[PDB]
Amino acid sequence: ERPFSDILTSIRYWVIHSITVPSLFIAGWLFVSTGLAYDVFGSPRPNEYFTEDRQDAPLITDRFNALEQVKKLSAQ
Amino acid sequence: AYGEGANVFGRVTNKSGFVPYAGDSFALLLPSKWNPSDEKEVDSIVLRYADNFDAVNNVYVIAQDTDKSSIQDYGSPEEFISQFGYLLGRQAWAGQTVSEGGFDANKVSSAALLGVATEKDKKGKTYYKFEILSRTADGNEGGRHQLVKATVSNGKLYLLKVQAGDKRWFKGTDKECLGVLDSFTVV
Amino acid sequence: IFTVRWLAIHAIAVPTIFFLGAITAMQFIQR
Amino acid sequence: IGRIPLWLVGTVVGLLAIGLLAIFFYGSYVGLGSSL
Amino acid sequence: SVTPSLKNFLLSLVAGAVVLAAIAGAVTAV
Amino acid sequence: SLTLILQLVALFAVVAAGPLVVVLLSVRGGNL
Amino acid sequence: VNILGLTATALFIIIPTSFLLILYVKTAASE
Amino acid sequence: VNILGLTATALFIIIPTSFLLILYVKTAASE
Amino acid sequence: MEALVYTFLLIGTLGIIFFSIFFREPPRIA
Amino acid sequence: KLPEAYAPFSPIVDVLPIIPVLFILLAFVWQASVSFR
Amino acid sequence: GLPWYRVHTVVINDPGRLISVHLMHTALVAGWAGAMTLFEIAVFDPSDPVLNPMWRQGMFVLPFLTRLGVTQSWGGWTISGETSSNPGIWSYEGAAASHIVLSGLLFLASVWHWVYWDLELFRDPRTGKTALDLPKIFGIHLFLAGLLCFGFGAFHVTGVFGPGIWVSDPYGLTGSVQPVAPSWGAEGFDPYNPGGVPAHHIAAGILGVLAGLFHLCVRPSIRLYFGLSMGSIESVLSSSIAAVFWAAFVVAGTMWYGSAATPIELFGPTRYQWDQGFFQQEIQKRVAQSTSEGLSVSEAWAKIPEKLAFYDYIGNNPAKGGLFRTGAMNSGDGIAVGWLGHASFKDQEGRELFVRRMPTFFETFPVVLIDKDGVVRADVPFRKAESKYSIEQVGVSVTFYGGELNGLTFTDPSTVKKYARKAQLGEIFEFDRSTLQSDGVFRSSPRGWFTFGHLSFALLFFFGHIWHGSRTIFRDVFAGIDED
Amino acid sequence: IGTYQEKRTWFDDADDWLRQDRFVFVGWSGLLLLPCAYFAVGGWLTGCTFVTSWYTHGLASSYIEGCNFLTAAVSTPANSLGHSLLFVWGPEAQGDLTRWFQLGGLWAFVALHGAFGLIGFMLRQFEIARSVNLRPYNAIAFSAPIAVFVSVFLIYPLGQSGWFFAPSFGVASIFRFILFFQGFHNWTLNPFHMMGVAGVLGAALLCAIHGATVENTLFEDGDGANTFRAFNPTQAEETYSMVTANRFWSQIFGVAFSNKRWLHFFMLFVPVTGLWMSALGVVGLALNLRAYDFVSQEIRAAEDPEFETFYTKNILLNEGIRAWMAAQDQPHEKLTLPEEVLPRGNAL
Amino acid sequence: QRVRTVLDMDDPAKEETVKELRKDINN
Ligand code: CLA
Ligand code: CLA
Ligand code: CLA
Ligand code: CLA
Ligand SMILES: C=Cc1c(C)c2cc3nc(c4c5[nH]c(cc6nc(cc1[nH]2)C(C)=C6CC)c(C)c5C(=O)[C@@H]4C(=O)OC)[C@@H](CCC(=O)OC/C=C(\C)CCC[C@H](C)CCC[C@H](C)CCCC(C)C)[C@@H]3C
Ligand SMILES: CC(C)=CCC/C(C)=C/CC/C(C)=C/CC/C(C)=C/CC/C(C)=C/CC/C(C)=C/CC/C(C)=C/CC/C(C)=C/CC/C(C)=C/CC1=CC(=O)C(C)=C(C)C1=O
Ligand SMILES: CC1=C(/C=C/C(C)=C/C=C/C(C)=C/C=C/C=C(C)/C=C/C=C(C)/C=C/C2=C(C)CCCC2(C)C)C(C)(C)CCC1
Ligand SMILES: CC1=C(/C=C/C(C)=C\C=C\C(C)=C\C=C\C=C(C)\C=C\C=C(C)\C=C\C2=C(C)CCCC2(C)C)C(C)(C)CCC1
Ligand SMILES: CC1=C(/C=C/C(C)=C\C=C\C(C)=C\C=C\C=C(C)\C=C\C=C(C)\C=C\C2=C(C)CCCC2(C)C)C(C)(C)CCC1
Ligand SMILES: [Fe+2]
């Protein structure tokens, strides 16, 4: 039945998980360090926190054209 | 959201807390944690900055036109200060009271002059620097210190005040206020 | 294997360590 | 099967988690959002 | 005429039907 | 800074001292 | 007197009415 | 609502207390 | 007028606390 | 601060406080190693 | 035996008393309706239909009376302003008398059904045990529901036989009861379009008639019979209470957001209209037109209707009262007597300042004066010490046009502060207060109280539907478990 | 079923494969509960590490900005969007996930999927209770958490201007929402809220007193100091002396329980009643219907400058709360309130 | 007549009017 006792103590289970867990850790490291989260996410970096046009917090103030509005109010 | 790596293992970029800024015919150091406010105080304001925590820690500049030649034509520091009493704030309470004490009759605030100065520029132009304590009857924030600096450009008499709370003055704002005050260079 | 317990454990095992390594990289991100 | 002790496995997992918590608490004195 | 909102509605509904079919397949694939 | 590396190796020395003792005593005889 | 009389009337129409209802139900539930 | 509060609080006390008392003595009458 | 109502209803509350404490239903061991 | 004789020992002494909390953790390790007898 | 919370389960399997208690509940509801609108007519003040409408007096069932077509009264007055020369039999308290006689008839029928409970109609000829033919009963009831919906949508609202409905202009000025033609397109699905209601009820009635016929025809299957606890009447109970708090959430939403059958003139405004500047935008573009072509803001403010300015008031907001600010809105702020005109504030140099409108979320709000460019020029000084924004030193005068005060410019600091505080709430109105002993705070609209009560009732009925679902599926193990 | 042949079909095969013993029970309710709950927890855990609030509330609410666990939050959509559901395909985003995140649409996504997850969890409780046939009082008690969830995450924003006034998914954001009701609504003085807090502290009372009493009036069952092993899973006899408990509480408190069943049912009864009354109170708050002002007390405070009370102190502190709220909590109002108009006391 | 002048007239009063929420992407 393998009730969480023999599984963690099994060398066969440990060997196949000696690669996948570090691979996931390295991929998670690189996903933030390479800025892919910044690219596919839309989150602003601290260097591009503010634009030259506005020194203050952004305001959408719209409901329907908010897509192109956040396009022109984000950090490009 | 263009593709570039994160900032890691390359030391810090800014720690001094001051970010340079220039406007029209002038340039000074502004605090990096302060946010400029759209609340224009006087009718002749070009730039104004303030702290996001408390709006008391604020600063702005004045671009009023001049009719004289220079601040030297204005004369002594006391005579120069005595003409510009609108910057501190007039008392809107007019009823006579003696139940507050320590101040003049029908007065709830006083302007305690903490100092004057005569600072010269690179060649010959003087940078008037003063310090005025602006207390109240209740002593809100333990009073307010007025750090004013003035100079003469090609017209456009430029005044400054770094108004800040007195509790902030001994709780970690005096050095930043002095750094703003001594960097008000007008060319 | 690919059992129900396998999928249930993996769907909460893989992404949490992915974001965990993300936070680990994210702590050392300088200014 | 039982070659690596379960208490040993739990000890390794716990030390990994505790050191990671120490790293995260270290991340409040440096990096982003660390008042510097 | 046919609005982009209505087009997105049609795409969302056929996507939901695809999701339902995928749920059925995943539960019948033991 | 050398103090950081020696801090980390001292931390390694103090985090490994316990498990090494308990593992060696678990594999060598008993009476623990 | 416009509402104190209302309160007096309310107390008079309830308190003995409630007392009578207590006694009546105490007898009615016993066979 | 100076004495409208009086009449509202009065009836809010009265109706459940009379109701509960009636059904309680119904219970207690049968031993 | 309100103070009388507050006092009366609160002393009634504490009195019925007393009633529920002392004049309660005695449980049976059977 | 540290003197001239003990100057490189600051990273050594920097680790000293965590000994008792790591010690109660060691006690948990030993109780887990005796299989919670 | 049965505890106090199970008393009505004495009539779970007795259809005669089930019909009887339904009849007497119907009687009590009809009697309450009649008594409530009698009380509302007794306490209603028709003195000013514009500045003191029914929703400013806390009238609750009367706006629903005026929604379906009953507008006149036997007292010789109509809410729209006209005089009911021949109001007819169907007045407000005439409908009350109809409700009362219906309640009496229903109560007598309830007593009859209680005393005659052993009716062979509830006994099936197969075995003689107590049973109800639930599929055919539902088919019949759905057929009657479809027939009534189709009739109400084909004759009442169409006006070929009935009175139609109350339709108002977008800003709620005129208002009228008239027949409405059906809207068979997407405009019919426009929630603010009254042309969809006849089409909605006609299509719903046709579909209900067909569904009831199919139910009368085809019987259900064994699988759903043993799944949904079909054999228990409690399944019908759980499904029906599910439907009614569905409809409760529907009515709460449509009352809070406004729709075609929710007129502002009858049920009060919405807080979203105030937060969206609807009446203010209407007034100001009615000023822009006829000000851009001469006849400037000195006059033509009297051209602005007084109802519109009453609508542009935060005291008219339905979300400005409290949980316990109890009663009529007039008992809250006083009855409006007249409009003093739009306040125009000007400082010492000449720019026109404006007072900031009060957000609905605040009970109190500071008074500030902002320029056209959006930066505050003055404020009511709290500190008044080392303050350089006060009106006493800025020099702002207030002027009024088109109202009881027209062309009058006040320069005194106390009165300009007071009228700025009054204009903080929106338009400027005078309220009579000593006639009803007004406390001062704002009350809530009948629409707001309706929405609050129905939201609470919908939550309670969601709990009831969960409990009855448990009761339906678990009818076998109530008293205990199988212990094996 | 029902002594008829009942030829096995797709429904029968699905039911037989679904209601069976596993490590995680799938059943029919797992068709909704598992995907909806998985999506909700994934969206929230993604939001507290990734989603910036700089374009929704103009704040920082994730670990990518340097926030900690509490200040990280899935932030609500902007009030300009009103009560829009903010679909990724809808007119707000139109298929663009990247800017759908910046719109705050995942707030509505996660709230919707969490409501469906609550529905699926209650349905899972009902399905398990049907599968092995005992009363569903767990679902009866679970009726109150979903009431709270609906009444604070949907009813309040739908009654107010929009989702911006709805709470955001995050501990410090919940704290902001809590102080928002403290200032704007006087939620402490609300009667239904006092009903709820009384019920919840009474639930804590009953839980603590029941656990302590049971563990303190236990029978012997021993010959060993570890009483935990004194209990056997298969026995039909009492493990704690209830009559001793009744005597102890009759002599300590004056009243005591005479029934385990009524004791446990009242333990169930107190928090469900408290949470339902709190839900009704926040439902009342959803339409700006508050227990804010006591009319008579504010009147006598107005015509009496000496009449100071704690209630009037609370009222004044609340308008101070709101005066400091408006500017930095309502960007879409852009309330540029100056420093002088802010109410404040002497010194400080 | 001009919608821009009434826009700047509604703005100091409130910043949530529907006409301010529509076609304000130019600002
Ligand atoms: C348990 C399955 C399930 C359920 C019940 C839901 C339910 C829901 N989702 Mg969701 N979703 C799911 C799985 C599910 N989802 C999965 C697996 C994913 C990952 C791909 C998503 C990703 C997702 C996103 C990104 C979003 C939703 C959203 C929504 C909500 C609105 C959906 C909508 O707008 O149209 C409703 C869809 C249906 C009713 C599907 C039913 C299909 C009908 C009955 C058939 C009609 C189609 C038919 C083929 C027509 C073509 C005819 C032609 C051939 C002539 C809704 C409550 C939206 C939301 O949360 O709002 C904020 C949203 O943006 N979902
Ligand atoms: C029309 C809907 C409806 C109907 C027909 C029923 C019918 C029934 N319910 Mg039920 N219930 C409902 C809705 C409904 N319920 C809702 C919405 C809830 C959530 C609050 C409940 C919660 C509930 C529980 C917890 C229980 C029942 C039970 C019962 C059964 C016995 C009732 C009884 O004798 O208690 C007697 C009730 C009283 C003696 C007085 C109740 C009145 C209270 C105190 C408020 C007073 C209201 C006021 C006078 C009128 C306001 C009405 C108006 C605002 C709508 C019965 C067949 C019981 C059961 O299932 O048996 C095991 C059971 O314990 N119901
Ligand atoms: C759908 C239900 C409903 C709704 C929405 C309304 C709405 C309204 N009613 Mg009405 N009413 C109703 C049912 C309803 N009523 C019923 C069933 C009756 C018969 C008893 C009445 C009898 C009635 C009268 C006589 C009057 C009104 C009035 C009003 C208006 C004034 C606001 C108000 O009610 O005060 C505030 C509302 C509340 C405070 C709600 C209370 C919330 C709960 C129930 C608190 C109570 C719980 C607690 C346990 C009670 C203990 C208190 C105790 C100590 C005294 C308002 C628009 C007044 C009016 O304008 O004339 C038409 C008026 O004089 N109503
Ligand atoms: C001869 C029948 C009749 C007629 C002509 C009227 C007429 C009237 N009634 Mg009334 N009423 C009746 C019977 C009738 N009633 C009965 C039998 C009762 C007891 C239950 C009531 C109880 C009652 C009350 C409490 C009140 C009225 C009120 C009113 C007045 C306003 C109606 C209103 O706004 O409410 C709105 C009516 C509706 C919204 C009807 C909606 C029907 C629901 C939503 C059906 C949906 C479910 C359905 C099964 C769906 C079918 C499925 C489909 C696919 C087929 C109006 C003049 C109001 C009034 O002002 O007092 C005088 C009011 O307070 N009545
Ligand atoms: C904040 C306090 C609090 C939390 C966190 C909590 C948590 C829980 N309660 C449960 C149960 C219950 N709650 C109950 C009574 C109560 N619960 C209470 C208070 C709480 N209960 C109170 C006060 C009562 C008294 C009435 C009952 C009666 C039950 C159960 O039946 C059940 C149980 O067995 O208890 C152990 C569990 C099942 C939830 C689940 O899987 O749903 C499935 C759905 C999921 C996971 C989707 C939810 C996603 C949410 C809605 C949206 C995203 C939110 C983020 C994940 C987190 C945001 C956090 C920030 C806001 C700070 C869960 C661990
Ligand atoms: C002049 C005066 C009088 C001055 C004082 C005035 C004053 C200020 C008055 C205000 C006070 C007042 C009443 C205000 C509060 C108003 C308000 C909030 C009302 C409360 C409303 C209320 C009904 C809440 C409903 C919500 C809800 C149902 C909670 C009820 C909580 C409740 C009663 C729980 C039980 C609490 C508790 C004490 C537990 C004891 C139970 C008990 C004896 C268990 C012991 C026990 C354990 C065992 O394990 C076994 C085995 C046995 C056998 C056994 O027994
Ligand atoms: C017999 C007769 C008659 C008469 C009749 C009548 C006269 C009736 C009536 C009646 C009436 C006159 C009625 C009324 C009523 C009322 C009601 C029915 C009510 C109620 C209730 C409720 C439901 C409430 C609740 C509540 C409270 C308590 C408070 C507030 C809150 C609440 C809501 C909770 C006739 C001639 C016809 C015929 C022959 C004989
Ligand atoms: C002076 C000095 C010294 C000494 C010291 C001492 C005196 C001692 C010790 C020691 C120690 C002290 C060691 C240790 C270690 C430990 C560890 C490493 C731990 C652990 C654990 C964990 C991590 C976990 C656990 C758990 C829990 C709690 C839960 C459940 C179960 C488990 C098991 C999982 C030396 C020489 C070093 C050098 C330097 C200085
Ligand atoms: C978003 C989204 C989505 C979904 C997703 C999913 C469904 C998934 C997931 C996911 C997840 C699910 C994630 C996660 C995370 C997690 C975490 C981050 C964790 C944690 C924990 C912690 C950190 C703790 C630790 C500890 C310590 C250290 C101490 C002691 C012990 C304990 C354990 C407590 C998609 C893409 C579809 C699209 C739409 C949106
Ligand atoms: Fe127990």
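What follows is calculated from the coordinates using simple rules that are stated; it is not laboratory data. Note: ideal-geometry Cβ built from the backbone for every residue, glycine included; neighbour counts use all protein chains shown.
Where in chain L are the DSSP H helices whose C-alpha atoms run 18 Å or more along the long axis and whose mean Kyte hydropathy is at least 1.0? Span-like helices, by this rule, are L:33-47, L:105-132, L:137-150, L:171-185, L:191-216, L:260-285. Label-to-label distance, A:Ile26 versus L:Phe248, with points set 7 angstrom from Cα along the beta-carbon direction: 6.1 nm.
Loop-located GluC sites (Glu not before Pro) in segment K:1-106 (DSSP state other than H, G, I, E, B) with a sparse environment of at most 15 neighbouring Cβ atoms within 10 Å: K:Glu82.
Under the combined filter of DSSP loop state and at most 12 neighbouring Cβ atoms within 10 Å, segment B:55-113 retains these GluC sites (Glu not before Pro): B:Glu100. With the convex hull constructed from alpha-carbon coordinates only, chain K shows a mean projected area of 33.6 nm² over all directions. Considering only B:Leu114, B:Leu47, B:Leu88, the Gaussian network model of chain B with Cα springs below 10 Å gives its largest mean-square fluctuation to B:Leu114.
Between amide H atoms placed 1.01 Å from N, distances below 5 Å from K:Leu369 occur with K:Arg377, K:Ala378, K:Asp379, all of them 5 or more places distant or on a separate chain. Put a dot 7 Å past the Cα of A:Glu68, heading toward its Cβ, do the same for L:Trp262, and the two dots end up 7.1 nm apart. Shortest first, G:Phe19 label-point distances to identical copies amount to 2.4 nm, with the label point at 7 Å from Cα along Cα→Cβ.
Exposed loop sites here are GluC sites (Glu not before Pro) in DSSP loop states with at most 13 other C-beta atoms within 10 Å. What is the longest stretch of chain L lacking them?
On the way: sites that count: L:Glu6, L:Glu220, L:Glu237, L:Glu238, L:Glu303, L:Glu306, L:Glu308.
The segment L:7-219 is the longest one with no such site.
Name the residue farthest towards the positive end of the dipole of segment B:1-75 from the options B:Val59, B:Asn14, B:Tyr49, assuming +1 on Cβ of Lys and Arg, -1 on Cβ of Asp and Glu, about the Cα centre. Toward the positive end, the furthest listed residue is B:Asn14.
Suppose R0 equals 41 Å. What FRET efficiency, 1/(1 + (r/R0)^6) with r the Cβ-Cβ distance, do K:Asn86 and K:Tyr5 give to the nearest 0.05? Given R0 = 41 Å and the Cβ-Cβ separation, E is 0.15.
Using the rule -39500 (n - 2.57) for each DSSP H run of four or more residues, divided by the residues of the protein assembly as shown, the 222 nm mean residue ellipticity is -15000 deg cm²/dmol. For segment L:190-216, backbone nitrogen atoms closer than 12 Å to the point 7 Å from L:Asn314 Cα along Cα-to-C-beta are found at L:190-195. Figure legend: label point modelled 7 angstrom from the Cα of L:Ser241 along Cα→Cβ; residues of segment L:192-224 with amide N under 19 Å from it are L:210-224. Tell me, what is the FRET efficiency for K:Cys217 and C:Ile1 to the nearest 0.05, using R0 = 51 angstrom and their Cβ-Cβ distance as r? Efficiency, rounded to the nearest 0.05: 0.45.
For B:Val8, nonlocal amide neighbours, meaning residues 5 or more places apart or on other chains whose placed amide H falls under 5 Å from its own, are C:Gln30.
Taken over chain L, the percentage of Cα pairs per 20 Å bin, counting from 0 up to the bin with the maximum distance, is 21, 44, 29, 5, 0.
How long are the semi-axes of the equivalent ellipsoid of segment B:11-140, defined as square roots of 5 times the Cα gyration tensor eigenvalues? Whole Å, largest first. Before the final figure, lay out the partial values.
Values: eigenvalues 181, 106, 45 Å².
Ellipsoid half-lengths, sorted descending, are 30, 23, 15 Å.
With the simple model of a label 7 Å out from the Cα in the direction of the Cβ, M:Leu7 to L:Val197 spans 4.8 nm.
State which stretch of chain B is the longest one without any exposed chymotrypsin sites (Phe, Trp or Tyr not before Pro), exposure meaning a DSSP loop state and at most 16 other Cβ atoms within 10 Å. Present the calculation step by step, with values, prior to reporting the outcome.
Values: sites that count: B:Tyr2, B:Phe9, B:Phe53, B:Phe84, B:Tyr86, B:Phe103.
The answer is B:104-187.
Span-like helix check, chain K: qualifying full DSSP H segments, with Cα axial length of 24 Å or more and mean Kyte-Doolittle of 0.5 or more, are K:15-43, K:92-115, K:134-151, K:196-217, K:233-257.
Karplus-based coupling profile of segment K:174-191, in residue order and whole Hz: 7, x, 7, 9, 8, x, 10, 6, x, 10, 8, x, 5, 4, x, 8, 6, x, with θ = phi - 60° in 6.51 cos²θ - 1.76 cosθ + 1.60 and x standing for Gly or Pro. Which residue, chosen from K:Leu105, K:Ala42, K:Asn52, occupies the Cα position most advanced towards the positive end of the dipole of segment K:30-125, where the dipole is computed from +1 (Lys, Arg) and -1 (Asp, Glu) charges on Cβ about the Cα centre? Positive-most Cα among the choices belongs to K:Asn52.
What's the average, rounded to a whole number, of partner chain beta-carbon atoms within 10 Å of each residue's beta-carbon in L:99-110? List each step's numbers first, then the result.
Working: counts 10, 3, 5, 13, 6, 1, 1, 0, 0, 0, 0, 0.
Partner Cβ neighbours, averaged per residue: 3.
Legend: distances between Cα atoms for K:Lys346/M:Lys19; B:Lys15/B:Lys175; K:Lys418/L:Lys334; pairs beyond 22 Å are K:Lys346/M:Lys19; K:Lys418/L:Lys334.
Under the combined filter of DSSP loop state and at most 10 neighbouring Cβ atoms within 10 Å, segment A:23-76 retains these GluC sites (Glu not before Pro): A:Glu52. Grouping the Cα pair distances of segment K:14-161 into 10 Å bins from zero gives a pair-distance distribution of 10, 26, 29, 20, 11, 4, 1 percent in increasing distance order. When chain L is described by a simple charge dipole with +1 on each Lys and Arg Cβ and -1 on each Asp and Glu Cβ, the residue from L:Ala108, L:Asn138, L:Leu206 located farthest towards its positive end is L:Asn138. With the cut-off at under 11 Å, measuring from each backbone N in segment F:7-30 to a point 7 Å along the Cα-to-Cβ line of J:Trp30 picks out F:22.
Counting pairs of alpha carbon atoms under 8 Å apart in space and at least six apart in sequence, what relative contact order in percent does chain B give? Mind showing how you got there, number by number?
Working: 291 pairs, mean separation 37.8, N = 187.
So the answer I get is 20 percent.
With semi-axes defined as the square roots of five times the eigenvalues of the C-alpha gyration tensor, the equivalent ellipsoid of the protein assembly as shown measures 57, 51, 34 Å, largest first. Near K:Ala211, once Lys and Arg are set to +1 and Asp and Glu to -1 for all other residues with Cβ below 15 Å from its Cβ, the sum equals +2. In nanometers and ordered shortest first, the copy-to-copy spacing of the G:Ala8 label point, defined 7 Å from Cα toward Cβ, is 2.6.
Explain nothing, just the number: dipole magnitude of chain B about its Cα centre with +1 on each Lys and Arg Cβ and -1 on each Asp and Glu Cβ, in debye rounded to the nearest 20.
Values: 22 positive and 24 negative charges, 115 e Å.
For chain B, the charge dipole is close to 560 debye.
The HN-Hα couplings worked out from phi for segment L:67-76 by the Karplus form 6.51 cos²θ - 1.76 cosθ + 1.60 (θ = phi - 60°) are 6, 8, 5, 6, 6, 7, 7, 7, 8, 6 Hz, whole numbers, x standing for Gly and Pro. If you take the beta carbon distance between J:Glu4 and F:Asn31 as r and set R0 to 45 Å, what does 1/(1 + (r/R0)^6) give as a FRET efficiency, to the nearest 0.05? The computed FRET efficiency comes out at 0.45. Extents of segment A:4-73, largest first, come to 60, 27, 16 Å (Cα atoms, principal axes, whole angstrom).
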